[PDB]
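Student: no sequence for this one, just the structure:
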């Protein structure tokens, strides 16, 4: 039964009518926030008078 | 039973009322004593003549 039965091509369109856009670029931005905590003190307990 | 049941925070106070004292720094001094002892003599005996 040896015979060619089918084929596939690498045919492509010429995108001269701009039918396809392909991938799109969009500008984006991310924002991070880092607030500063307070920390426990150190004390020098000097007596009064 | 998939659900969130609890949480914990990193919430902290601000010491604007000085409620917390933290660690205390105090001055200390130590004294060591090193008294110098006498040691046994070595003698060169001879006659008085």
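Tutor: Looks like it came in fine. Numbers count the residues shown, from 1 in each chain, chains lettered A, B, ... in the order given.
Student: For chain A, which segments count as strands?
Tutor: A:42-43 (DSSP state E).
Student: hmm, stretch A:24-43 touching chain B?
Tutor: Yes: counting by Cβ under 8 Å from any Cβ of the partner chain, chain B has neighbours in stretch A:24-43: A:37-38, A:40-43. Quick note: C-beta positions are derived from backbone N, CA and C, even for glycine.
Student: now, among those residues, which is nearest to residue B:10?
Tutor: residue A:37 (8.0 Å; Cβ to Cβ).
Student: Kindly tell me how buried the closest residue to the closest one other than its chain neighbours is, as a neighbour count.
Tutor: Leaving aside its chain neighbours, residue A:37 sits nearest to residue B:12 (6.1 Å; criterion: Cβ to Cβ, 6 or more residues apart in numbering or on different chains). Look at residue B:12: counted by other Cβ atoms under 10 Å in any protein chain shown, it has 10 neighbours.
Student: What distance do you get for residue B:12 to residue A:42?
Tutor: 16 Å (Cβ to Cβ, to the nearest Å).
Student: Equivalent analysis for residue A:31, please.
Tutor: Residue A:31 is 35 Å from residue A:42, by Cβ to Cβ.
Student: who's more crowded, those two?
Tutor: Set residue A:31 next to residue A:42 and count neighbours by other Cβ under 10 Å: residue A:42 wins out with 10 against 4.
Student: How about the contacts made by the more buried one?
Tutor: B:22-25 (Cβ atoms under 8 Å, 6 or more residues apart in numbering or on different chains).
Student: Okay, and the beta partners of it?
Tutor: Assessed by DSSP bridges, residue A:42 has beta-bridge partners residue B:23.
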